[PDB]
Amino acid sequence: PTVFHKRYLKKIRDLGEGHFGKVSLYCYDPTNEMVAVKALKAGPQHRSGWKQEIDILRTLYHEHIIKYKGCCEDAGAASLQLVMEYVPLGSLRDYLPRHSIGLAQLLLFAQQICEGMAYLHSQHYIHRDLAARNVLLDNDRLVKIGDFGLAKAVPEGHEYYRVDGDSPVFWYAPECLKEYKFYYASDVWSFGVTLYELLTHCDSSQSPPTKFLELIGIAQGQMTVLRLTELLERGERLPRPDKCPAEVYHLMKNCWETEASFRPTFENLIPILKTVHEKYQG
């Protein structure tokens, strides 16, 4: 809709990179507004998918989903550039290690991620990359899902998408890892991992790749994924974060049920987290 003229785009700084793209901060100044611009870094499989990605964000209208500004005829790398709002405090992965946030605020953030996710699922889309690095902080009381690079439509007569080296396998349910099927419930498993990350304040030594690789080992050839799948199937899970309530840990564990149908939906999670937030808010 809003065609941002490439001439008025002044690069301020790099914001971050993810799978097949890079996001950068720009001032859109036709004389002398801060916007976030995503550009393709990349194979021809992901280049045809890029247009599909832009159309996904273009049709999402939600308070806990990053605001799509427009596009620009990007000659700079031939494929189109995606213009979004600049979400001023950044990703939770970058923010939480330096800012000690209370349990109450963390649970609000979790509730808001569920609202954005329940909305995404009602639009017949799966995210496939739900992690703290993809959750942006607008202010201390507002969070938004900020990136949709792996987001796909679930085909109409199926309950899953049939799904690479860039897969976030440490955020993935066993069905994605073993059967390469991504269900709406596979996104709930990743949410449980995002909630663990939030509760550990995104501390590196406590991260899911760190924790799972201490359980797998690093000398496993091409078998890290297989070893991950079998430990998950044996019932092993990420530990309870220090100072994470026992009830919140069980909620997380319910998000990590091996059987996808035993997991809560995002719609089921919203009233539960609302109540848990209200309890720790006082």
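Start at 1 and count along the sequence shown; that's the residue number.
Modelled in this chain, residue 114 is likewise built in all the other compared entries whose models extend past it on both sides, so a third of them omitting it does not occur. When the other compared entries with both flanking residues are checked, residue 102 is modelled in all of them, not unmodelled in a third.
The entry models residue 163 and residue 164 with a gap of 1 to 3 deposited residues left without coordinates. Going from residue 32 to residue 33, the model skips 4 to 9 deposited residues, which lack coordinates. As recorded in the PDB entry, 75-83 is the stretch of 75-83 and 111-119 with the greater mean C-alpha temperature factor. Per-stretch averaging of Cα B factors for 216-224 and 252-260 places 216-224 on top. Highest C-alpha temperature factor among 237, 64, 243, 38 per the entry: 243.
For residue 134, the recorded CA temperature factor ranks within the lowest third of the chain's modelled residues. Among the modelled residues of its chain, residue 98 has a C-alpha B-factor that falls in the highest third, as given in the PDB entry. Per the deposited record, the Cα B-factor of residue 175 falls in the middle third when ranked against the other modelled residues of its chain. In the PDB entry, residue 25 places in the middle third of its chain by CA B-factor. The deposited CA B-factor of residue 147 belongs to the middle third of values across its chain.
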